[PDB]
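Only one chain is included here, represented as structure tokens and corresponding to the form deposited in one PDB entry.
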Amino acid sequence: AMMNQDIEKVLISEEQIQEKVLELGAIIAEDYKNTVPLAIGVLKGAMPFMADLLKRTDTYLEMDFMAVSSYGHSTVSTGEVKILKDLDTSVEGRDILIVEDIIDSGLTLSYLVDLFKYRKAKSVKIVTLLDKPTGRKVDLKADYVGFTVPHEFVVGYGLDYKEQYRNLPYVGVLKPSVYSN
């Protein structure tokens, strides 16, 4: 109730998230019943969603994580990013499931998707909590989507504003007074 002061609107409630997580986890568990997928999230934003989704995914799976950084101009036009932490294990022959917080332009995510394909993954799919198709600067459709949202000015449940608000249990929109700081 302390950080809710700064939230103008609760876009996706905790109750909604946990309901959708249960639905998606069961779907994913059924689709991957015949393989042991490698579920990977990109730090930092996807961590809260990845924790909830996977522990409601009742099937055998492995986890891993990547960390990336922007190259600046090149990242905004092509999605190319600097690998700060590569996967612990090889991608070849694995069924990859990328767990993402939001897809807006989709440039960086497309860059990583096709990188894993270059590394000869058996398959690559995406489950994203939020989808903003309005902002696509490349053709990328997620295979599982939690909620479609109109804009990217969202915080909470992993999403930050200047590294804060990631620890909200829901997705919200900040009061404009926050952007003045």
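Residue indices: 1-based, along the sequence shown.
The protein also exists as the form solved in complex with a small molecule; that form is not presented, and the subsequent description refers to it.
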**OP:** May I ask whether 31, 38 and 96 each come within 4.5 Å of the small molecule in the entry with it bound, counting any non-hydrogen atom?
**Re:** no
Original post:
Just to confirm, residue 159 within 4.5 Å of the small molecule in the entry with it bound by heavy atoms?
Top reply: yes
Subject >> Contact test in the entry with it bound: residue 152 vs the small molecule, heavy atoms, 4.5 Å >> reply: yes
Subject >> Contact test in the entry with it bound: residue 56 vs the small molecule, heavy atoms, 4.5 Å >> reply: no
**OP:** Examine residue 104 and determine whether its closest non-hydrogen atom to the small molecule in the entry with it bound is within 4.5 angstroms.
**Re:** yes
